[PDB]
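Below, each chain spelled out in residue letters.
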Amino acid sequence: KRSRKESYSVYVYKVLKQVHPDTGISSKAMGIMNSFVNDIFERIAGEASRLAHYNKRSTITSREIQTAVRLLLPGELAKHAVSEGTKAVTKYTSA
Amino acid sequence: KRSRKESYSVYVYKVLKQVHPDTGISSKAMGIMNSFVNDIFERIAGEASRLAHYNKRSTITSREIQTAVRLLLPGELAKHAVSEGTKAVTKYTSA
Amino acid sequence: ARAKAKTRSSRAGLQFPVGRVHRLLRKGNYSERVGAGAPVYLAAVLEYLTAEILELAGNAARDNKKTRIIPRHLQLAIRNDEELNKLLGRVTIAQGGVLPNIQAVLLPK
Amino acid sequence: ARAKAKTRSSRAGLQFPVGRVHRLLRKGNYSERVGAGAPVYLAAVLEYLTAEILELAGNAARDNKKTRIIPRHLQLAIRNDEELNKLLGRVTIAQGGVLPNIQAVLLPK
Amino acid sequence: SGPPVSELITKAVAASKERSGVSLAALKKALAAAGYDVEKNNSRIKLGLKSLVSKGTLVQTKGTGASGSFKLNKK
Amino acid sequence: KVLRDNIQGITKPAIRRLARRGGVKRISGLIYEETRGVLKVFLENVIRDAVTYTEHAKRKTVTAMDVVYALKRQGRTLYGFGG
Amino acid sequence: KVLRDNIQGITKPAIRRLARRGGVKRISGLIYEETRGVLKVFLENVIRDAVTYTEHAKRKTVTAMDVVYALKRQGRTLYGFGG
Amino acid sequence: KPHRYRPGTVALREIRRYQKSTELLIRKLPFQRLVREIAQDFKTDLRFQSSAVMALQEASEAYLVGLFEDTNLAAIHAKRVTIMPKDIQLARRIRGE
Amino acid sequence: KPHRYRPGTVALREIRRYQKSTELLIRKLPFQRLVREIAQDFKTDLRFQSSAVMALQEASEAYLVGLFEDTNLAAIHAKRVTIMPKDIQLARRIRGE
DNA sequence: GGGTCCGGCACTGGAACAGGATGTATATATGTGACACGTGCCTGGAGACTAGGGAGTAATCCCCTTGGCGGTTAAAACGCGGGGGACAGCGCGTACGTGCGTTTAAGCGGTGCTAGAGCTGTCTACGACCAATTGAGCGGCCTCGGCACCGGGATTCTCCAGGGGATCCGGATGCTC
DNA sequence: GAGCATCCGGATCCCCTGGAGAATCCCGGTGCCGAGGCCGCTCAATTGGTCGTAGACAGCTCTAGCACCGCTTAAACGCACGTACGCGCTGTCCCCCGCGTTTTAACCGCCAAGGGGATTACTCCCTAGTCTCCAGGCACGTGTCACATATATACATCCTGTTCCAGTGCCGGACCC
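Judging from the entry metadata, cryo-EM is the method by which this structure was determined, and 5.1 Å is the reported resolution.

S.K.: Before we go on, may I ask you to explain the overall build of chain A in this structure?
M.R.: Within chain A one finds four helices and two strands. Counting helices and strands in the order they occur from the N terminus, chain A gives α-β-α-β-α-α. Since a compact globule built from 95 residues should have a radius of gyration of about 12 Å, the 16 Å found for chain A marks it as more spread out than a globular shape. The principal-axis extents of the C-alpha atoms in chain A amount to approximately 45 × 35 × 30 Å. Split into buried and exposed, the 95 residues of chain A put 46% on the buried side.

S.K.: Help me understand the overall build of chain E in this model?
M.R.: Broken down by element type, chain E carries three helices and three strands. In chain E, the succession of α and β elements from N to C terminus is α-β-α-α-β-β. Taken against the 2.2 N^0.38 rule, which gives 11 Å for 75 residues, the C-alpha radius of gyration of chain E at 11 Å falls within 12% of a compact globule. Projected onto its principal axes, the C-alpha positions of chain E cover 30 × 20 × 20 Å. When the 75 residues of chain E are sorted by exposure, 20% land in the buried category. Within chain E, counting contacts between residues at least 6 apart in sequence, those at least 24 apart form 44% of the total. Carbon and sulfur atoms provide 57% of the accessible area of chain E, an area that totals close to 5300 Å². Here chain E contributes 14 positive and 4 negative side-chain charges, whose respective centroids are spaced 11 Å apart.

S.K.: What should I look at first to understand the protein's contact with DNA strand K in this one?
M.R.: Taken together, 92 residues are adjacent to DNA strand K, and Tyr13 and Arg57 of chain B, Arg33 of chain D, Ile27 of chain F together with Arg47 of chain H come closest. It is helix α1 (residues 9-20) of chain H that contributes the most residues to the surface near DNA strand K, five residues altogether. Per-class residue counts for the surface near DNA strand K are 21 nonpolar, 26 polar and 45 charged.

S.K.: Looking at this structure, how should I read helix α3 (residues 50-77) of chain H?
M.R.: An α-helical turn contains 3.6 residues, so any two residues separated by three or four positions project in the same direction. All names here are of chain H. Taking 1.5 Å of rise per residue, the 28 residues of α3 would be expected to cover 40 Å, and the 40 Å separating its terminal C-alpha atoms lies within 8% of that figure. Of all 28 residues in α3, 23 are buried, a share of seventy percent or more. Taken from the residues just after α3, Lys79 is the one with a positive phi, measuring 60°.

S.K.: Help me understand the interface of chain D and chain B, please; the structure alone is not making it clear to me.
M.R.: One widely used convention gives an interface's size as the accessible area the parts lose upon coming together. Every contact between the two is made by 54 residues of chain D and, on the other side, 53 residues of chain B. Of the roughly 5000 Å² buried between chain D and chain B on both sides combined, carbon and sulfur atoms contribute 72%. The largest contributions to the chain D side of the interface with chain B come from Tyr30, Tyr41 and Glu83 of chain D, which together make up 16% of the buried area. Linking chain D with chain B are two salt bridges. In this structure, the salt-bridge partner of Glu6 of chain B is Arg20 of chain D, at a minimum N-O distance of 3.4 Å.

S.K.: Looking at this structure, I do not really get the protein's contact with DNA strand J. What am I missing?
M.R.: Lining the immediate surroundings of DNA strand J are 92 residues, of which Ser27 of chain A, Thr11 of chain F, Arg16 of chain G, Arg6 of chain H together with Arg4 of chain I lie closest. Restricting attention to atoms of DNA strand J within 4 Å of the protein, one finds that 97% of them are sugar or phosphate atoms. Residue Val10 of chain I places a main-chain N or O atom 3.3 Å away from a phosphate oxygen belonging to DNA strand J. At 2.7 Å from a phosphate oxygen of DNA strand J is found a side-chain nitrogen or oxygen belonging to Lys20 of chain I.

S.K.: Mind showing me how you'd approach the environment of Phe42 of chain H here?
M.R.: Here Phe42 of chain H lies in the loop between α2 (28-40) and β1 (47-48). In this structure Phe42 of chain H comes out as partly exposed when scored by relative accessible area, which is 43%.

S.K.: Sorry if this is basic, but what is going on with unusual backbone geometry here?
M.R.: Negative phi values dominate among residues other than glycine, just as trans dominates among peptide bonds. The backbone of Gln95 of chain C shows a phi angle near 55°, a positive value even though the residue is not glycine. One can find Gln95 of chain C in the segment after β3 (91-93). Residues other than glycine seldom take positive phi values, yet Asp45 of chain I does so here, at roughly 65°. Residue class for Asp45 of chain I comes out partly exposed when judged on its relative accessible area of 44%.

S.K.: Sorry, what's going on with the sheet that holds strand β1 (residues 22-23) of chain E here?
M.R.: As a general point, the strands of a sheet are linked pairwise by backbone hydrogen bonds and lie either parallel or antiparallel. All names here are of chain E. On the basis of which strands lie adjacent, the open sheet formed by three strands has the order β1-β3-β2 and antiparallel pairing. Lying at the two open borders of the sheet, with one neighbouring strand each, are β1 and β2 (58-60). Where β1 meets strand β3 (residues 69-72), two bridges bridge the pair, whose relative direction is antiparallel. From the neighbouring strand, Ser23 faces β3, where its bridge partner is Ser69.

S.K.: Please explain the nonpolar core as it appears in this structure.
M.R.: With 92 residues, the main nonpolar core has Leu73 of chain A, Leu88 of chain C together with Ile27 of chain G as its most contacted residues. The element contributing the most residues to this core is helix α2 (residues 27-54) of chain A, with eleven residues. In contact with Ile27 of chain G, not counting residues within four places along its chain, are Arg16, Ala19, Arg20 and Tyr32 of chain G together with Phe68 and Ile83 of chain I. Counting 59 residues, the second-largest nonpolar core is a separate cluster that includes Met30, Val37 and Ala78 of chain B together with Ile78 of chain D.

S.K.: I would appreciate a short explanation of helix α2 (residues 27-54) of chain B in the present structure.
M.R.: Along its 28 residues, α2 of chain B runs 40 Å from first to last C-alpha, staying within 8% of the 40 Å computed at 1.5 Å per residue. Here α2 of chain B lies mainly inside the structure; 21 of its 28 residues are buried.

S.K.: Where do I start with the UniProt feature "domain: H15" in chain E in this structure?
M.R.: The sites that carry the UniProt feature "domain: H15" are, in the present numbering, residues 1-74 of chain E. Taken end to end, residues 1-74 of chain E is 50% helix and 12% strand, and its two terminal C-alpha atoms sit 32 Å from one another.

S.K.: Would you explain the pattern of salt bridges in this entry?
M.R.: Side-chain pairs of opposite charge can arise whenever the charged atoms involved come near each other. Under the definition given, this model contains 27 salt bridges over all chains. Salt-bridge contacts for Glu76 of chain A lead to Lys79 of chain A; the nearest nitrogen and oxygen are separated by 3.1 Å. Of this pair, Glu76 of chain A and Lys79 of chain A both sit in helix α4 (residues 76-94), three residues apart, which is roughly one turn of that helix. Overall, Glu76 of chain A belongs to the partly exposed group, its relative accessible area being 35%. Judged by relative accessible area, which is 41%, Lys79 of chain A ranks as partly exposed. Linking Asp45 of chain H and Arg47 of chain H is a salt bridge whose minimum nitrogen-to-oxygen distance equals 2.9 Å. Each of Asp39 and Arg43 of chain A together with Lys72 of chain G takes part in a single network of salt bridges with overlapping partners.

S.K.: I would appreciate a short explanation of the packing of helix α1 (residues 12-21) of chain F against helix α2 (residues 31-57) of chain F in the present structure.
M.R.: When two helices pack together, their arrangement is captured by the angle between the axes and the distance separating the axes. Residue and element names in this part refer to chain F. For the pair α1 and α2, interaxial distance at closest approach is 11 Å and the crossing angle is 80°. By the angle between their axes, α1 is roughly perpendicular relative to α2. Every residue of α2 that contacts α1 at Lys12, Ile15 and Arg16 is listed here: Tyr32, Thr35 and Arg36.

S.K.: Looking at this model, I keep getting lost on the pairing of β3 of chain E. Mind explaining?
M.R.: If a strand is regular, its side chains alternate between the two faces of the sheet. As judged from the three bridges shared by β2 of chain E and β3 of chain E, these two strands associate in the antiparallel manner. Bridge assignment links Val59 of chain E to a residue of β3 of chain E, and that residue is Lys71 of chain E.

S.K.: Would you mind going over the side chain of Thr67 of chain A with me for this structure?
M.R.: Note that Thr67 of chain A resides in helix α3 (residues 62-72). Overall, the relative accessible area of 10% leaves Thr67 of chain A in the buried class. A distance of 2.6 Å separates the side chain of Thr67 of chain A from the backbone oxygen of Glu64 of chain A, its partner in a polar contact. The contacts of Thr67 of chain A, once residues within four sequence positions are left out, are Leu51 of chain A together with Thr52 and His56 of chain F.

S.K.: I tried to follow the arrangement of the chains on my own but got confused; where do I start?
M.R.: The interface with the highest contact count, out of 19 pairs of chains in contact, is the one between chains B and D. Regarding chain F and chain G, which are not in contact, the minimum distance between any of their C-alpha atoms is 11 Å. Across all C-alpha pairs, the smallest distance from chain E to chain H is 21 Å, and the two are not in contact.

S.K.: Looking at this structure, how should I read a positive patch on the surface?
M.R.: A grouping of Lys1 and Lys60 of chain G together with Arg36 and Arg47 of chain I is seen on the molecular surface, where their side chains present a positively charged patch. Following the sequence through the fold, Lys60 of chain G ends up in the loop between α2 (31-56) and β2 (61-62). For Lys60 of chain G, a relative accessible area of 41% puts it in the partly exposed group.

Basis of the calculations
Residues numbered from 1 in each chain as written, not as in the entry; some residues may be left out. Chains lettered and ligands numbered in written order. Heavy atoms only, no water. Helix = DSSP H or I, 4+ residues; strand = E, 2+ residues; numbered from the N terminus. Rg over C-alpha atoms; globule rule 2.2 N^0.38 Å. Buried < 20%, exposed > 50% of the residue type's maximum accessible area, 1.4 Å probe, protein only. Contact = heavy atoms within 4.5 Å. Areas by Shrake-Rupley, 256 points an atom, 1.4 Å probe, with all protein chains shown as cover. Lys, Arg positive; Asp, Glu negative; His and termini not counted. Charge placed at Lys NZ, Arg CZ, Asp CG, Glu CD. Near = heavy atom within 4 Å. Nonpolar A, V, L, I, M, F, W, Y, C, P; charged D, E, K, R; others polar. Expected span 1.5 Å × (residues − 1). Buried area = accessible area lost by both parts, 1.4 Å probe. Salt bridge = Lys/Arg side-chain N within 4 Å of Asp/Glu carboxyl O. Polar contact = N/O pair within 3.5 Å; in protein donor to acceptor, adjacent residues only side chain to side chain. Pairing = 2+ DSSP bridges. Core = buried A, V, L, I, M, F, W, Y, C linked by side-chain atoms within 4.5 Å. UniProt positions renumbered as here; feature names shortened; annotations may be inferred. Axes fitted to C-alpha atoms, helices over the stretch in contact; angles between N-to-C directions. Parallel < 35°, antiparallel > 145°, perpendicular 65-115°, else oblique. Patch = residues over 30% accessible without salt bridge, like charges linked within 9 Å, V, L, I, M, F, W, Y side chains within 5 Å.

Structure representation (structure tokens):
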């Protein structure tokens, strides 16, 4: 009897097959990516927690997620990231 | 009147009375010490949150505060802080 | 009787589980109260970062004519981009190695 | 029939506000709950740190024949103790300046 | 009294007489081995070598000024 | 109204006196524009973060709070202006 | 069980190979003892952090998670060990 | 004949002078104009608290002076006392910037 | 006469070879023994899982290799090809430890 | 006829080009085990409704921020000069580089034991929440002495203008041819 | 009798010290404004009771980690030859401190006017919570082909011989005295 451990494996596999149908991965680099998603998530989420506590807002909002993304990510990644995120959240609100 | 601004000024002043009954302190350095208390407070609080999450503990206890005090403070500061804090909590549990 | 099950990532059209990261933000205690659009937004951001780093890794692997990603490819991808280098400066990848960097004074003649 | 309102800093024998620290960790969102001994412990360690800093600051003030402490004296305090230097290496005091430090090659023969 | 440094330098350049000129470090160590306070006489040996090369009794091989290697004249 | 050349407003003897605060004895001519540039980079990097903090605040004024806050995020937290 | 002199257990050619990783052309023979010293200092700091992490957990065995966690709080993050 | 000190002796004296000092070195108005100028290229119509631009100002000489002992160590490393921008580039590259 | 390359060329070939390489570079068992050796001093009877030891291995190698590009920058800075312990020391000092 | 000065030539030092050795790269064969795909399941995600509250927005004021105007001078700007380094070259001593052999201990494969990791169940200690109420904590305000600025006199630092010792150079002296 | 060797004393240059000036240090003096303390207020701390719930512990399994053991070389190490730097020193050129004068805009201070900071009142959008349901992701099993490894060619590259060009020192001739 074992305990299942959560991860992000199949989702990164789906992203790989979307960007490259015919390429593989190593399991070590897969652990690299799972830790990568966790670490970048922790950075962005900690920035959002700080931005929430700063202006006396007890609610984290996608607006301050946007400020955190523009904060941590320098340059071109920020403008791309806000682009897919705005179209994604408009798609979410539309359905 | 006005809404208030929470501070740590007079506590630094009365600690000055405890350690040096004769000397005074400037308001600029007093704001520095309020910044100092907030900075060390948020560092220890953040490490407390990490040690809580990391063992899947959702109670902030005195023990991981002791570990984080050991962890951030180097050496002599850490050990004397452990001694003084254990002294304080033994007086606290003894009402 | 009840509506057909449809995950919110699919309604967004995104690949990482928005529900899972939403739960992880709930139990991270990074806020008392969490809005609906923020996990979708965060998921989309992580998808763009993963998409760009994997396309860089895929071109690196195609350069090395290996079909499968090795952490050497991932190190070469993350370090040959100056902007991701600024994003991930103080980190080393396990079994990553380093970029080819030889200084001109070390070369002969 | 309620008992006399005494303070938890007093039963702790401490002067830093233990209840205020307890409140600020309660609304700081670092866990769902906090034990009783943790804010007492953190108020204790903060009080020791401030006692150390201001003891060195008052000694530096007496060094400069002054009964009033300037942030310059805080520089002479923290930057001349290596353990506090390791505590606060990355911080700068506003209107504080730097210790007098001259490299040995700079002085003439 | 004692002989001045110039005769010692002529003996130093005549001591080895390899194909290139004798160097400044080699002549300093030659003065140290024969017996001389080379530590406090750096300006002295500089002016002496410049004075002797100005007469043409010894000629410069490669260097400029006090640097380089030093070898005796044609005759 | 608009401004074009304020990097020359950080003058030569002021940079010199800063180098005295750094303990630098003698300062070459090519130093000056390099210090101006690295000053420009550090300032733009912090003020961009600060103005994003203000845009989060929906506030048209740069406050000392967000300056201390952005310098805290950039690993150079400053003492004496919090609160 | 007792180990005393494994500080010399890292060999001289191992330090040469790390120097080749660092792009060192010519390495001095005097480098090795101070590299061993700074290596011991860095390991001492990180395992001090790690043993505090594990004695918090009341565990006598330290994990890779604790290693990457301690290196995370030091600002020398690694990836790929459950972090 | 007017007196004239050897160079560096004066320089060491004002090193001691401003180093025992605690006051500001850079003029606040041209620098504050520079702050408005660099803020202008991102969003128009910004306003600045006086204490805010001052706090940014001590942040400025803080980073500058720290880079300066960095470059001072770099310059004495090369057996020199003259500072060159190549030392500054070294300091920026070791600092991670 | 048997063949022999000039100094540095073999070293530069080692640079290309090992920098192209990705494998773990220090010996596993003596380094693991050293980690235990340091480990008894702070707490007795400490046990290791192997992946933690490889993690410390890669961490040590990463910290060292970064210090060696730092000292290469220092050696170029002092117009040298050799690093000397003051190069490493000033690398430590500018990194702020 | 000797002394000296110039030109040439052959000997030696230092560059251009082919050639061998070798390590590194490329082509082809082979197994294997880690990548990948299919299954069971079950928990983690989701749909609906409810409660409740954090927050968006109108309003206001005020105060703190921005704009402008006169005066003074400290600081900036420019120029002359002079001096301290920057740095290139050369050479010498040395300190690793590398290439051989040797010892060994790391590395690999195999096996037993266990101690701790970890999972499950208890349940008791303990923390969160909330009505009520108070005393410490902060805004406001007001006085004063420690201190910032001002001025006068010593002291230490700096730099430059005279004295002492070593050195080099020229003249006297003796000796020998 | 004089040409040369030698010795000895005088000029000269570098080092070595005393005195003048000046920048800072130290001793009074004055008026000022931050600070410390009184005072009023009001709000978060405190008590106490309850309610739920979460971590500490007992116990039980099972997993990889520790220990032991036997081959088997890759590497650790040492030594010796050798070549390639580190740096010490100085020559030389040049670039930048220092000091003075002239300019200029910074600082101050003085005054007007309003932009949004900040707070309050309101009313409403949004989202934790909970019960229920069901399906995608992960443990698990398996199978299987890109890749690690081995082996046979091919070429770059790197050092060296060999071959030609240039410097130069020594020898031969010519001039001049």
